[PDB]
Structure formats: C-alpha cells, structure tokens
$ cat target_37.cif   # mmCIF, C-alpha atoms
data_structure
loop_
_atom_site.group_PDB
_atom_site.id
_atom_site.type_symbol
_atom_site.label_atom_id
_atom_site.label_comp_id
_atom_site.auth_asym_id
_atom_site.auth_seq_id
_atom_site.Cartn_x
_atom_site.Cartn_y
_atom_site.Cartn_z
ATOM 1 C CA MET P 1 42.070 116.922 110.159
ATOM 2 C CA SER P 2 45.535 116.293 108.535
ATOM 3 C CA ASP P 3 46.676 113.622 105.997
ATOM 4 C CA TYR P 4 50.096 111.865 106.218
ATOM 5 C CA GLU P 5 52.457 110.990 103.292
ATOM 6 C CA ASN P 6 53.208 107.331 102.288
ATOM 7 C CA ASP P 7 56.115 105.414 104.017
ATOM 8 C CA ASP P 8 58.075 105.296 100.682
ATOM 9 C CA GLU P 9 57.927 109.155 100.252
ATOM 10 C CA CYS P 10 58.896 109.642 103.974
ATOM 11 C CA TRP P 11 62.069 107.458 103.675
ATOM 12 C CA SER P 12 62.683 108.801 100.066
ATOM 13 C CA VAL P 13 64.088 111.989 101.730
ATOM 14 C CA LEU P 14 66.649 110.217 104.032
ATOM 15 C CA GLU P 15 67.527 107.292 101.636
ATOM 16 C CA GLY P 16 68.388 109.958 98.961
ATOM 17 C CA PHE P 17 71.444 110.547 101.255
ATOM 18 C CA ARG P 18 72.148 106.686 101.587
ATOM 19 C CA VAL P 19 75.925 107.143 100.747
ATOM 20 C CA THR P 20 76.205 109.582 103.761
ATOM 21 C CA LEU P 21 73.834 107.573 106.117
ATOM 22 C CA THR P 22 75.826 104.304 105.652
ATOM 23 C CA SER P 23 79.135 106.147 106.444
ATOM 24 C CA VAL P 24 78.235 108.419 109.450
ATOM 25 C CA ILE P 25 75.019 106.839 110.906
ATOM 26 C CA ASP P 26 76.000 103.524 112.542
ATOM 27 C CA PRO P 27 73.051 101.157 113.468
ATOM 28 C CA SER P 28 75.316 99.933 116.385
ATOM 29 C CA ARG P 29 75.284 103.636 117.568
ATOM 30 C CA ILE P 30 71.450 103.825 118.008
ATOM 31 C CA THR P 31 70.614 100.038 118.530
ATOM 32 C CA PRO P 32 69.089 100.552 122.165
ATOM 33 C CA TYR P 33 67.006 103.615 121.036
ATOM 34 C CA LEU P 34 65.651 101.878 117.846
ATOM 35 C CA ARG P 35 64.658 98.625 119.733
ATOM 36 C CA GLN P 36 63.151 100.775 122.612
ATOM 37 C CA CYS P 37 60.788 102.279 119.951
ATOM 38 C CA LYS P 38 60.168 98.663 118.565
ATOM 39 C CA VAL P 39 61.334 99.805 115.023
ATOM 40 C CA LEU P 40 64.335 97.417 115.447
ATOM 41 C CA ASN P 41 63.647 93.757 116.517
ATOM 42 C CA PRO P 42 66.025 91.761 118.939
ATOM 43 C CA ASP P 43 66.745 89.706 115.750
ATOM 44 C CA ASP P 44 67.867 92.827 113.739
ATOM 45 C CA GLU P 45 69.696 94.099 116.895
ATOM 46 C CA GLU P 46 71.759 90.833 117.203
ATOM 47 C CA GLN P 47 72.308 90.953 113.381
ATOM 48 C CA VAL P 48 73.676 94.583 113.532
ATOM 49 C CA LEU P 49 75.879 93.803 116.621
ATOM 50 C CA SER P 50 77.164 90.611 114.805
ATOM 51 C CA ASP P 51 79.141 93.078 112.521
ATOM 52 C CA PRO P 52 79.540 96.232 114.836
ATOM 53 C CA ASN P 53 83.264 97.150 114.156
ATOM 54 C CA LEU P 54 83.570 95.713 110.586
ATOM 55 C CA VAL P 55 83.144 97.499 107.175
ATOM 56 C CA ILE P 56 80.169 95.053 106.602
ATOM 57 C CA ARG P 57 78.206 97.429 108.986
ATOM 58 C CA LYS P 58 78.043 100.105 106.169
ATOM 59 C CA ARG P 59 76.312 97.587 103.775
ATOM 60 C CA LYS P 60 73.957 96.578 106.665
ATOM 61 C CA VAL P 61 72.865 100.298 107.123
ATOM 62 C CA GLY P 62 71.654 100.359 103.458
ATOM 63 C CA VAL P 63 69.926 96.957 103.985
ATOM 64 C CA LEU P 64 68.477 98.332 107.321
ATOM 65 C CA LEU P 65 66.719 101.237 105.407
ATOM 66 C CA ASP P 66 64.470 98.526 103.802
ATOM 67 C CA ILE P 67 63.834 96.931 107.291
ATOM 68 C CA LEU P 68 62.902 100.437 108.679
ATOM 69 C CA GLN P 69 60.644 100.998 105.570
ATOM 70 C CA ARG P 70 58.573 97.887 106.741
ATOM 71 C CA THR P 71 57.853 99.946 109.966
ATOM 72 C CA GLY P 72 57.999 103.119 107.733
ATOM 73 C CA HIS P 73 55.880 105.769 109.641
ATOM 74 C CA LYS P 74 57.042 104.652 113.183
ATOM 75 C CA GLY P 75 60.608 103.933 111.912
ATOM 76 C CA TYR P 76 60.903 107.371 110.198
ATOM 77 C CA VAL P 77 59.953 109.367 113.360
ATOM 78 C CA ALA P 78 62.074 107.069 115.659
ATOM 79 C CA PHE P 79 65.122 107.370 113.294
ATOM 80 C CA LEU P 80 64.753 111.231 113.220
ATOM 81 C CA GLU P 81 64.653 111.086 117.097
ATOM 82 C CA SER P 82 67.796 108.817 117.080
ATOM 83 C CA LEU P 83 69.703 111.303 114.848
ATOM 84 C CA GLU P 84 68.416 114.409 116.768
ATOM 85 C CA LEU P 85 70.271 113.030 119.874
ATOM 86 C CA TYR P 86 73.341 111.160 118.399
ATOM 87 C CA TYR P 87 74.046 113.026 115.042
ATOM 88 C CA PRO P 88 72.079 116.440 115.325
ATOM 89 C CA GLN P 89 74.410 118.089 112.708
ATOM 90 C CA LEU P 90 73.719 115.384 110.034
ATOM 91 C CA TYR P 91 70.014 115.262 111.161
ATOM 92 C CA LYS P 92 69.523 118.990 110.317
ATOM 93 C CA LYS P 93 71.812 118.566 107.205
ATOM 94 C CA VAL P 94 69.705 115.732 105.542
ATOM 95 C CA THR P 95 66.401 117.560 106.402
ATOM 96 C CA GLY P 96 67.867 120.968 105.325
ATOM 97 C CA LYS P 97 68.006 120.763 101.457
#
$ encode --input "target_37.cif" --output "structure tokens"
Amino acid sequence: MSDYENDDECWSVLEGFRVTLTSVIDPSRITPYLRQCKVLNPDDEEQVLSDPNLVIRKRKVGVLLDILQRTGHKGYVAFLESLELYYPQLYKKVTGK
C-alpha cells in the first residue's frame, strides 16, 4: 500500500530545470517514443515537427511541459524513459540534485 505524489509536484522537479530542458531535450528527438506511450498526441507530434530545426522548438519545449502536465503521471514516467535512452547524462543530472 503506497501513495503517489500529485502531477504538479512530479513535474516541479524537471520543470525547475526548464532553461536546460528547452536547450538540450528536443521534443523532435523523442516524438516517436512519446506518442508510442500516448503522452504525445498526433496533433502535438505534427505541431512539434512543424518547427523541428527552428529556434521556435525551444519555446515549444516549455509549452510542451504544460501539455505533458495534462497527462502528468503517465507523461512524467514516459519522459524519464525517453531521457534514460536519448539523454541519460542529463536524465541522471536533473534527478541528481
């Protein structure tokens, strides 16, 4: 019998590093993995890939944190899984305070 923390407190850890997430963690990097876990819709996928090479992408990462908060508990675990494969250094950096 174990209780879970609220979605806001879960993402409060990662979003505290928003300036680093928006720079290193591209949504166009982990688009297939996020949509495979259903935490990213085909709508949000098309949206992200509409600005995949542009500087606009960085803004859209910060906006995407809100979208992933709407799926908060599933989105948090799936995003940690995405980073553990693609950016394992930054994954263990943002968890390791």
$ resolve_selection --input "target_37.cif" --expression "the PyMOL selection byres ((chain P and resi 83) around 12)" --output "CSV table (one decimal) with C-alpha atoms, in the coordinates of the input"
chain,number,residue,atom,x,y,z
P,14,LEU,CA,66.6,110.2,104.0
P,21,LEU,CA,73.8,107.6,106.1
P,24,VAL,CA,78.2,108.4,109.4
P,25,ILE,CA,75.0,106.8,110.9
P,26,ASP,CA,76.0,103.5,112.5
P,27,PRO,CA,73.1,101.2,113.5
P,29,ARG,CA,75.3,103.6,117.6
P,30,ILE,CA,71.4,103.8,118.0
P,31,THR,CA,70.6,100.0,118.5
P,33,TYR,CA,67.0,103.6,121.0
P,34,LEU,CA,65.7,101.9,117.8
P,76,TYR,CA,60.9,107.4,110.2
P,77,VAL,CA,60.0,109.4,113.4
P,78,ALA,CA,62.1,107.1,115.7
P,79,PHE,CA,65.1,107.4,113.3
P,80,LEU,CA,64.8,111.2,113.2
P,81,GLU,CA,64.7,111.1,117.1
P,82,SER,CA,67.8,108.8,117.1
P,84,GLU,CA,68.4,114.4,116.8
P,85,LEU,CA,70.3,113.0,119.9
P,86,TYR,CA,73.3,111.2,118.4
P,87,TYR,CA,74.0,113.0,115.0
P,88,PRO,CA,72.1,116.4,115.3
P,89,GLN,CA,74.4,118.1,112.7
P,90,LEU,CA,73.7,115.4,110.0
P,91,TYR,CA,70.0,115.3,111.2
P,92,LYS,CA,69.5,119.0,110.3
P,93,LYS,CA,71.8,118.6,107.2
P,94,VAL,CA,69.7,115.7,105.5
P,95,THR,CA,66.4,117.6,106.4
$ atom_distance --input "target_37.cif" --atom1 "CA of residue 4 (chain P)" --atom2 "CA of residue 17 (chain P)"
22.0 Å
$ closest_residue --input "target_37.cif" --among "P:55, P:20, P:63, P:71" --to "residue 41 (chain P)" --atoms "only C-alpha atoms"
P:71
$ atom_distance --input "target_37.cif" --atom1 "CA of residue 54 (chain P)" --atom2 "CA of residue 10 (chain P)"
29.1 Å
$ residues_around --input "target_37.cif" --residues "residue 73 (chain P)" --least-positions-apart "5" --cutoff "10 Å" --atoms "only C-alpha atoms" --output "list in words"
residues 4, 5, 6, 7, 8, 10, 11, 39, 68 and 78 of chain P
$ atom_distance --input "target_37.cif" --atom1 "CA of residue 15 (chain P)" --atom2 "CA of residue 2 (chain P)"
24.7 Å
$ axis_aligned_box --input "target_37.cif" --around "region 32-51 of chain P" --padding-each-side "4 Å" --output "JSON"
{"center_x": 69.7, "center_y": 96.7, "center_z": 117.6, "size_x": 27.0, "size_y": 21.9, "size_z": 18.1}
$ closest_residue --input "target_37.cif" --among "P:45, P:96, P:40, P:72" --to "residue 12 (chain P)" --atoms "only C-alpha atoms"
P:72
$ residues_around --input "target_37.cif" --residues "residue 28 (chain P)" --least-positions-apart "3" --cutoff "7 Å" --atoms "all atoms listed in the file" --output "ChimeraX atom specification"
/P:31,48-49,52
$ closest_residue --input "target_37.cif" --among "P:47, P:38, P:97, P:59" --to "residue 19 (chain P)" --atoms "all atoms listed in the file"
P:59
$ closest_residue --input "target_37.cif" --among "P:9, P:23, P:32, P:64" --to "residue 44 (chain P)" --atoms "all atoms listed in the file"
P:64
